[PDB]
Participant: 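Next up is a structure, given as structure tokens.
Numbers here simply count residues along the sequence, with the first being 1. When reading the values below, keep in mind they use all heavy atoms of this one structure, side chains included, and skip hydrogens, waters and symmetry mates.
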Amino acid sequence: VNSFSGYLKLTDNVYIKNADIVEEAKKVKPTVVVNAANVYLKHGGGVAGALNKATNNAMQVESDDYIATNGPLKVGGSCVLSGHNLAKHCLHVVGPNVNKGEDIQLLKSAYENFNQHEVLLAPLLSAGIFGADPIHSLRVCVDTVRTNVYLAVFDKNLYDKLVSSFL
Ligand SMILES: O=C1CC[C@@H](c2ccccc2)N1Nc1ncnc2[nH]c(Br)cc12
């Protein structure tokens with residue numbers, strides 16, 4: 001039993017809700033919140049910009065130190081950093097950005113990072129400003145993640161379409 005509330009159950013382990021991931025994180029304080037990161041951990045917009053703003057830029061300060069020490073992430077890769085006031089940990093995961101021309105096959109590799117954590121609050125990777133089809137992203141999530149994932153979808157119109165079309 002965990003503290004997530006109001007989710008529709010898609011599969012044994014995948015759940016979905018129309019919610020702002022920022023407000024959901026602030027309420028649940030999950031062990032792991034997933035960020036829709038880029039390789040430079042520059043949290044300027046989309047989910048990343050919103051999560052970082054909610055930390056009063058502390059996520060960005062921590063991220064800049066991480067990059068100065070370790071260099072950029074790989075597309076499809078991840079790193080674990082602090083969750084600040086939102087969660088215990090933030091798993092920064094880099095899905096391919098279609099608006100940069102990156103290989104959508106890397107989306108499965110991106111979701112594989114979730115399997116290192118028993119329970120996660122997460123957005124749909126490569127959706128939104130990353131330019132991929134969110135229906136496809138949900139399919140890859142369901143077919144790749146085996147741990148318990150609670151997906152927050154900000155756009156209500158998109159949420160209804162994802163549910164109505166789910167196989
Ligand atoms: O609906 C969706 C589906 C695609 C996803 C997204 C991911 C990265 C960049 C842009 C969009 N997205 N957006 C949010 N998903 C969850 N929580 C959110 N909070 C805010 Br603000 C936006 C937001």
Side-chain angles (χ1 to χ4, degrees), residues 1-11 13-64 73 78-99 107 110-111 113-114 116-142 144-145 147-166:
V1 179
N2 61 51
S3 165
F4 289 97
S5 180
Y7 288 75
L8 180 68
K9 180 171 177 64
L10 294 176
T11 65
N13 64 299
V14 178
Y15 295 80
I16 193 167
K17 184 181 181 176
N18 169 227
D20 183 344
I21 192 171
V22 171
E23 287 304 308
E24 187 75 6
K26 283 195 284 184
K27 152 175 126 50
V28 174
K29 284 295 231 84
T31 305
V32 179
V33 66
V34 173
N35 182 32
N38 59 52
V39 300
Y40 307 110
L41 302 180
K42 287 171 61 90
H43 308 301
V47 167
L51 290 170
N52 177 59
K53 178 177 175 186
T55 76
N56 183 44
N57 211 49
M59 177 180 286
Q60 190 64 67
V61 171
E62 177 196 31
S63 293
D64 287 351
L73 296 182
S78 70
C79 67
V80 179
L81 291 172
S82 179
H84 300 277
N85 51 317
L86 303 176
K88 188 173 194 297
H89 303 107
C90 179
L91 181 69
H92 295 272
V93 180
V94 184
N97 189 323
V98 175
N99 304 319
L107 185 55
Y111 274 118
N113 296 286
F114 290 25
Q116 301 293 318
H117 304 275
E118 285 190 2
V119 183
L120 316 85
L121 171 63
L124 284 170
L125 299 178
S126 298
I129 69 176
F130 280 63
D133 176 5
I135 298 179
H136 173 68
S137 182
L138 178 55
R139 187 75 257 164
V140 178
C141 180
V142 163
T144 305
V145 183
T147 54
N148 293 143
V149 57
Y150 290 83
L151 296 168
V153 176
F154 179 61
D155 191 82
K156 170 62 172 171
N157 285 323
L158 175 58
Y159 171 86
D160 287 348
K161 179 197 191 110
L162 288 164
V163 168
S164 289
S165 60
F166 183 75

Participant: Which pairs of donor and acceptor atoms, one on a side chain in residues 152-159, lie under 3.5 Å apart (sequence neighbours left out)?
Facilitator:
from	atom 1	to	atom 2	distance (Å)
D155	OD2	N157	N	3.3
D155	OD2	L158	N	2.8
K156	NZ	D160	OD1	3.0

Participant: Do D64 and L41 make a side-chain contact, defined as non-hydrogen atoms from C-beta onward lying under 4.5 Å apart?
Facilitator: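 No, too far: nothing below the 4.5 Å cut-off.
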
Participant: Which pair of non-hydrogen atoms, one from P30 and one from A25, has the smallest distance, and what is that distance?
Facilitator: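 It is CD-O, 3.7 Å.
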
Participant: Quick one: closest heavy-atom pair of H43 and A48, and the distance?
Facilitator: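 In this case the closest contact between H43 and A48 is CB-O, 3.6 Å.
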
Participant: Counting only heavy atoms not in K17, do more than 12 sit closer than 6.0 Å to its NZ atom?
Facilitator: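 Yes.
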
Participant: For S137, enumerate each residue passing the side chain to side chain donor-acceptor pair (under 3.5 Å) test, keeping only those at least two apart in sequence or located in another chain.
Facilitator: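 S137: side chain to side chain donor-acceptor pair (under 3.5 Å) contacts with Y111.
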
Participant: If we only count heavy atoms from C-beta on, is the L81 to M59 side-chain gap below 4.5 Å?
Facilitator: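 Answer no - side chains too far apart.
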
Participant: Considering all heavy atoms of both residues, which atom of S82 and which atom of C90 are nearest to each other, and what is their separation?
Facilitator: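 For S82 and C90, the tightest heavy-atom pair comes out as O-CB, 3.4 Å.
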
Participant: Would a 4.5 Å heavy-atom cut-off, applied to side chains only, mark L8 and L10 as touching?
Facilitator: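 Yes; the side chains approach each other to less than 4.5 Å.
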
Participant: For the side chain of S3 and the backbone of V28, is there at least one donor-acceptor N/O pair under 3.5 Å apart?
Facilitator: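 Here the side-chain-to-backbone pair does not exist.
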
Participant: Any chance you could measure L151, atom CG, to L124, atom CG, to the nearest 0.5 Å?
Facilitator: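 Taking CG in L151 and CG in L124, the distance rounds to 5.0 Å.
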
Participant: I need the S5 OG to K27 NZ distance, nearest 0.5 Å.
Facilitator: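 One finds 5.0 Å between OG of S5 and NZ of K27.
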
Participant: I need the full list of salt bridge (charged side-chain N to carboxylate O under 4.0 Å, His left out) pairs touching residues 125-142, with sequence neighbours left out, sorted by first then second residue.
Facilitator: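 As it turns out, the salt bridge (charged side-chain N to carboxylate O under 4.0 Å, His left out) pairs with a partner in residues 125-142, which skip direct neighbours, are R139-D143.
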
Participant: Do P134 and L162 have side chains that get closer than 4.5 Å, going by heavy atoms?
Facilitator: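 Sidechains of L162 and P134: in contact.
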
Participant: Mind checking side chain to side chain donor-acceptor pair (under 3.5 Å) for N2 and listing every partner two or more places apart, or none if nothing turns up?
Facilitator: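 Testing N2 for side chain to side chain donor-acceptor pair (under 3.5 Å), a comparison that skips the adjacent residues, returns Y150.
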
Participant: So, using salt bridge (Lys or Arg N to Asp or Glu O under 4.0 Å) as the criterion, who are the partners of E23 when residues are at least two apart?
Facilitator: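 Checked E23 against salt bridge (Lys or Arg N to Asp or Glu O under 4.0 Å); matches are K26.
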
Participant: CG/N38 to CZ/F130 distance, rounded to the nearest 0.5 angstrom?
Facilitator: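 Answer for the CG-CZ pair, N38 versus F130, is 6.0 Å.
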
Participant: If every non-hydrogen atom of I129 is compared with every non-hydrogen atom of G46, which pair is closest and at what distance?
Facilitator: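 Shortest heavy-atom contact: CD1-N, 3.7 Å.
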
Participant: Got a second to check how far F4's CZ is from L121's CG, nearest 0.5 Å?
Facilitator: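 Answer for the CZ-CG pair, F4 versus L121, is 5.0 Å.
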
Participant: Are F166 and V142 close enough that some pair of their side-chain heavy atoms sits under 4.5 Å apart?
Facilitator: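 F166 vs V142: side chains touch.
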
Participant: Would a 4.5 Å heavy-atom cut-off, applied to side chains only, mark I135 and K161 as touching?
Facilitator: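 Contact flag for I135/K161 side chains = yes.
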
Participant: Dump the intermediate steps for side-chain contact (heavy atoms from CB on, under 4.5 Å) on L51 and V22, then the final yes or no.
Facilitator: CA-CA 6 Å; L51 290 170; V22 171; 4.1 Å; yes

Participant: Nearest 0.5 Å please: distance from the CG atom of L138 over to the CG atom of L125.
Facilitator: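 That separation rounds to 11.0 Å.
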
Participant: Taking the side chain as every heavy atom from C-beta outward, state whether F114 and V32 have any atom pair closer than 4.5 Å.
Facilitator: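 They are not in side-chain contact.
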
Participant: Under the 3.5 angstrom rule, does the side chain of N97 hit a backbone N or O of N99 as a donor-acceptor pair?
Facilitator: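 Yes: the side chain of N97 pairs with the backbone of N99.
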
Participant: How about NZ on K88, more than 12 heavy atoms from neighbouring residues, nucleotides or ligands closer than 6.0 Å, or not?
Facilitator: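 12 or below, so no.
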
Participant: So do the side chains of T55 and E62 get within less than 4.5 Å of each other, counting heavy atoms only?
Facilitator: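 The answer is no; the side chains never approach within 4.5 Å.
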
Participant: Residues two or more places apart in sequence or in another chain: which of them pass side chain to side chain contact (heavy atoms under 4.5 Å, CB included) with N57?
Facilitator: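 For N57, the residues satisfying side chain to side chain contact (heavy atoms under 4.5 Å, CB included) (neighbours in sequence not counted) are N52, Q60, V61.
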
Participant: Among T147, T31, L91, whose side chain to side chain contact (heavy atoms under 4.5 Å, CB included) with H117 holds?
Facilitator: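 Option passing the side chain to side chain contact (heavy atoms under 4.5 Å, CB included) with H117: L91.
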
